[PDB]
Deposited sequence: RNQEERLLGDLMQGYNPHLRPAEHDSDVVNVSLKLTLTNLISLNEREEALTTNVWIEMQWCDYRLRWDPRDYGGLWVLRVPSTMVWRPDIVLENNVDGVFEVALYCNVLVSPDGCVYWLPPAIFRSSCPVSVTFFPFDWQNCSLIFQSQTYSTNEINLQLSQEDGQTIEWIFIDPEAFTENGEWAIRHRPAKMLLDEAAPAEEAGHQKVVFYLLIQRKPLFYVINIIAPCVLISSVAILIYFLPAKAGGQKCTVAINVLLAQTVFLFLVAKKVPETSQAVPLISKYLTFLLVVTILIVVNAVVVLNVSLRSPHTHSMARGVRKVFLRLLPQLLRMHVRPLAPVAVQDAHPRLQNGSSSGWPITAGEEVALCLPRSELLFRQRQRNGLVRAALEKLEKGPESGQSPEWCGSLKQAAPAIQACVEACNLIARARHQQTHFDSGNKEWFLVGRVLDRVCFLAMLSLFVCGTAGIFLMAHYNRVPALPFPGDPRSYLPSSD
């Protein structure tokens, strides 16, 4: 390490890490920025926070750190602690946890022409406003915004990195380091350099580099574990129309219990969606629709039971019985005491028969009402389910990363 020690001593004599590498004032230091996503750790939708493992590559050139390799035994690279060199204070502006800087302050790699290469790792928790309108068949547009916390445009030039003639306008993904998230698939990964032209040229954070991640959820877990259970348990509600309209038929028990089950499912769904109010989730609207359908099922079960268990002595309605029969076809001296008692017996049996006939008419009326309302509620349930699920199905990610920009922002090859 004689040559490395000699070079470090020579370079660090008189070097101020707190002063910019501007040989002449009014010079601007070009800082190239590249991002390598190693693992998309999570997207916490409740906190609206994207946790990502990244390597943030920062390149610049310090004129003070130049040397001739021939004077140092052919040494062509030096690992220096990043605290002893000047750095551009590049920070993630849209962090949520207050952590602005990188995690590990690893070494920089200085080259003989003075060009410094820093590539620290970081676990960044950025702010991602989550759109919930198509949950769980949704895609999210998260951003990582990088800017200098100290220096303005007149002091540094924050540009995207350039390969051999090509600008790397995308988040890099090395196959030797990337791990795929089991819930989120990265569809588009562009990068942009944003400089508000009319902004002050003296304030620090106005030139930014924004790395966008368009990520699509993999909804297999939510369909298998949440949606299909809800659909089937709601279909159980439809079965009460076939149960008899008498004691022991147990219509209301079934209907209210499936209502409780659907409320439990609403509780489960509410845990996994933010408390924002820009829109109602798709699954939440479907759950509310199912709840209303079950409530109307309860209402009609009560009405049908009331009509069926109506006593003949209570009241009768000639118009009501007529209308169901219309719809039924499309749907498809001791002798004196002896004779007195015999007449009383016969008249009592006649009254019993008339009462039974009235009860039977009411029972048929209730059955017809239940049958006509069955088809209407089945149509309502099927139509609502189909419409909501098609609305889910047609929420595709946009073809291009930016609307109005014909470019794809993908690597050449």
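Since the structure holds only modelled residues, which stretches of the deposited sequence does it leave out? 333-415, 497 are the stretches of the deposited chain that have no C-alpha coordinates in the structure.
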